[PDB]
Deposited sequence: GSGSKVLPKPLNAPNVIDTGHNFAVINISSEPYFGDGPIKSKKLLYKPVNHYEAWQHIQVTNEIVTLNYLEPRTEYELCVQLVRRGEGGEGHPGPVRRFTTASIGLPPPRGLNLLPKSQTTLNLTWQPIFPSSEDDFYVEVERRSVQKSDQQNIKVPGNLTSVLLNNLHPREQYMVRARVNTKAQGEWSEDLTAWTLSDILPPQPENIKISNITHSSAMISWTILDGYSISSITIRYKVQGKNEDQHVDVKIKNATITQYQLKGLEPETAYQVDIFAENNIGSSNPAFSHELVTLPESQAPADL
């Protein structure tokens, strides 16, 4: 009595990202009936492990608890003991959405050009991928790239850009990245110049700058009041987010001339001078 063995490989009916629905194609078989038990054997390809299995009452079965984008192999055994496995079916599960690229940075390269960069990407699957970049009013860049040049923009403009990673699935959008093109003109001077916490040795100085002019740096020049002074002091603040400063080491009962500048890709601003800093006796 020849042990029965299916004619056709199992058929995949519906595939998800975590589940596969299979028609095991038990019948028709070759050999002698009747059949008292049908077994579907399944296993992720290139995984060194024993085959998993379940008994199938009928013809249709759903494999749950699967992994994304994984290829699985399927075959069926029938019992009249156990016979030879039928033809093998291979299928791959579905892609899930990828999170946006890491270390996203949008930076000015010119007055008409922004550069968007991200960290190199290592997916959990061998999907072919590209990055979709959206300027918020679309350009598709090959996934082997980590930088995209956004051209033909206008000087002194503010742009918002987001990205996502596309395979077959569509990716999760990044949060917007806001950046400015470089300025075409000199920056405006610092504003709201107040001086507080005067001592005999020190004083606090604060200001605000206007956004939109690519102000990358701030110079605070101070100097003892005289028509005859051989020395002045330039403090150079290369991070234009700092908006206050403690002046220390001054001379008591002394009048100072304080000037505050702001610079960008074009040049410096006019002096935002302050009405006199005069330290206290002692």
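For this chain, the deposited residues without C-alpha positions form the stretches 1-4, 85-88, 146-152, 298-304, given in sequence order.
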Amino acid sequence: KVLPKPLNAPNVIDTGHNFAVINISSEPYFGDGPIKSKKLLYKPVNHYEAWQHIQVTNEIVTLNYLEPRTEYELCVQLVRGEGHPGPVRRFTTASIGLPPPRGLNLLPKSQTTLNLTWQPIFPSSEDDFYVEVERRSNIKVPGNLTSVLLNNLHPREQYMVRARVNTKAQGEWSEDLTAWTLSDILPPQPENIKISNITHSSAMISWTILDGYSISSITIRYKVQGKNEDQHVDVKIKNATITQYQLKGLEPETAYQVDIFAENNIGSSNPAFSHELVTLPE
From here on, numbers count along this sequence of modelled residues.
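Two stretches are in play, 170-178 and 195-203, and the higher mean C-alpha B-factor belongs to 195-203.
Looking at mean Cα B-factors across 157-165 and 123-131, the upper value is held by 123-131. Among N144, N115, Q77, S110, the highest C-alpha B-factor recorded in the PDB entry belongs to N144.
Across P68, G249, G226, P44, the entry's maximum B-factor at the CA atom is seen for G249.
Among the modelled residues of its chain, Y29 has a C-alpha B-factor that falls in the highest third, as given in the PDB entry.
For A9, the recorded CA temperature factor ranks within the lowest third of the chain's modelled residues. Per the deposited record, the Cα B-factor of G16 falls in the highest third when ranked against the other modelled residues of its chain. When the modelled residues of the chain are ordered by their C-alpha B factor, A94 lands in the highest third.
In the deposited entry, the Cα temperature factor of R221 places it in the lowest third of its chain's modelled residues.
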